[PDB]
Amino acid sequence: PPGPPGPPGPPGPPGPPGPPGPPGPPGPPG
Amino acid sequence: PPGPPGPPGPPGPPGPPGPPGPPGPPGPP
Amino acid sequence: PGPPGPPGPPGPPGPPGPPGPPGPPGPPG
């Protein structure tokens, strides 16, 4: 008979960079 | 015969943090 | 019985990373 299924594969590639962050706080008062 | 190929591996690591956000709005006068 | 089969494929790409840091303060008013 055919042998056992092979080992599971390796982990996949790292995911994409996340979305850009939120805007910063409003600037200092004039 | 040799067995079947194994199952796909686990999902990869989460991605890195995203880029910093934009500068905030200009301040009040 | 036969030898174990080939290793499986690499897994799927991971999830997107976290949102990036908040941006810096805005320009002075």
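The structure contained in this document is the topic of the report that follows.

Overview of the overall build of chain A
Regarding its fold elements, chain A presents zero helices and zero strands. Seen along its three principal axes, the alpha-carbon backbone of chain A occupies a region of about 80 × 10 × 10 Å. Each of the 30 residues in chain A was classed as buried or not, and the buried ones make up 30%.

With respect to the interface of chain B and chain A
On the chain A side, the residues contacting the 29 residues of chain B number 30 residues. Interface area, chain B with chain A, both sides summed: about 1600 Å², of which 58% is carbon and sulfur. Here chain B and chain A share zero salt bridges between them. Broken down by class, the residue content of the side of chain B that touches chain A amounts to 20 nonpolar, nine polar and no charged.

Calculation notes
- Residues numbered from 1 in each chain as written, not as in the entry; some residues may be left out.
- Chains lettered and ligands numbered in written order.
- Heavy atoms only, no water.
- Helix = DSSP H or I, 4+ residues; strand = E, 2+ residues; numbered from the N terminus.
- Buried < 20%, exposed > 50% of the residue type's maximum accessible area, 1.4 Å probe, protein only.
- Contact = heavy atoms within 4.5 Å.
- Buried area = accessible area lost by both parts, 1.4 Å probe.
- Salt bridge = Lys/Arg side-chain N within 4 Å of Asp/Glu carboxyl O.
- Nonpolar A, V, L, I, M, F, W, Y, C, P; charged D, E, K, R; others polar.

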